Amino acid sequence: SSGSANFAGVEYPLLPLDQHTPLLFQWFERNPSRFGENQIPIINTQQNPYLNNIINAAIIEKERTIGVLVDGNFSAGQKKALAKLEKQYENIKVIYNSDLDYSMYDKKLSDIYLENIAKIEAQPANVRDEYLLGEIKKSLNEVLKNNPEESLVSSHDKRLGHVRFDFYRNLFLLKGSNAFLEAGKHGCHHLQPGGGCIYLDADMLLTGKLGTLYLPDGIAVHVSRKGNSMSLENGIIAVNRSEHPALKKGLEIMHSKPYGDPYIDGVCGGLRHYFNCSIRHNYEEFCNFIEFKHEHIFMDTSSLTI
């Protein structure tokens, strides 16, 4: 009707993401004091021109809502500089991660561990992952001794680096367009409840308008190529609707797997399970099928050398 894509002998209609689908960037800052007290607390060096890349995307995509999901202990002057950025660029909306409610996606760690202890103990002795069982029982024991109410959100809230960025990235994309409405962003043009979202890594340069994308069941992700290898990546995630069943599958894996990774399980696991890229299927074929491709998305050049 408007396109079709094939993977593992199943046809998937290309669903449109209209030119109003918001863009999303993420900046979670551990050390905001490294920036001036009156500076936008986003990295903007010639090695990492992230603030420039966000602005350049907002300049190109005039009609489209541009989200910047931020977190960290920003000074009063750094929040005013972020407030001023939303004024210089009408389509830029700064969303503080602390202003969103993720409790509907949460689960208690004690519930996950008990489920898995019961699942593993039902198995016969000749198939039981005896190392994993001991580790889970150990993880449960530390929860009951230190923080018996610890959940996926509270535990991920304490982690450092990418694992906490990746965790909230998945949950924001499950909210989709609703997240801008929940955060009380005014003047979001054509932004609909139940609407999708397009996450972009800040090291990527938009050089032209995306227009309308056509993606298999309304989802696609970045596929990175390094040397002669390719890999599913979370550097780009495009969904045409809130609560996309492939990301919902990724969350269900987080709710059942004892040490679920937001990237490996929440995105790669969710996608693979959803489209039946089983272990007996061609990973390379799935990458070509699910890959987000657009002529106006440019890979970071600053990385490169001889």
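We number the residues from 1 along the sequence you see.
Q: Identify the stretch, either 61-69 or 271-279, whose C-alpha atoms have the larger mean B-factor according to the entry.
A: The stretch with the larger mean CA B-factor is 271-279.
Q: Looking at the deposited entry, does 219-227 or 86-94 carry the larger mean Cα B-factor?
A: Of 86-94 and 219-227, the stretch with the higher C-alpha B-factor average is 86-94.
Q: Quiz for you: based on the deposited Cα B-factor, which of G134, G161, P148, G187 is highest?
A: The listed residue with the largest C-alpha B-factor is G161.
Q: Reading the B-factor column of the entry, which of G235, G176, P124, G211 has the highest value at its C-alpha atom?
A: Spelled out: the listed residue with the top C-alpha B-factor is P124.
Q: Would you mind checking where the Cα B-factor of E291 ranks among the modelled residues of its chain, as the lowest, middle or highest third?
A: Tercile = lowest for this residue's CA B-factor.
Q: Could you tell me which third, lowest, middle or highest, the C-alpha B-factor of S242 occupies within its chain?
A: Bottom third by C-alpha B-factor.
Q: Based on the entry's values, in what third of the chain does the Cα temperature factor of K248 lie: lowest, middle or highest?
A: As the PDB entry reports it, the C-alpha B-factor of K248 lands in the middle third of its chain.
Q: Sorting the chain's CA B-factors, does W27 end up in the lowest, middle or highest third?
A: According to the entry, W27 has a C-alpha B-factor in the chain's lowest third.
Q: Sort the modelled residues of this chain by their C-alpha B factor and say whether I55 lands in the lowest, middle or highest third.
A: Its C-alpha B-factor, which the entry lists for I55, ranks in the lowest third among residues of this chain.
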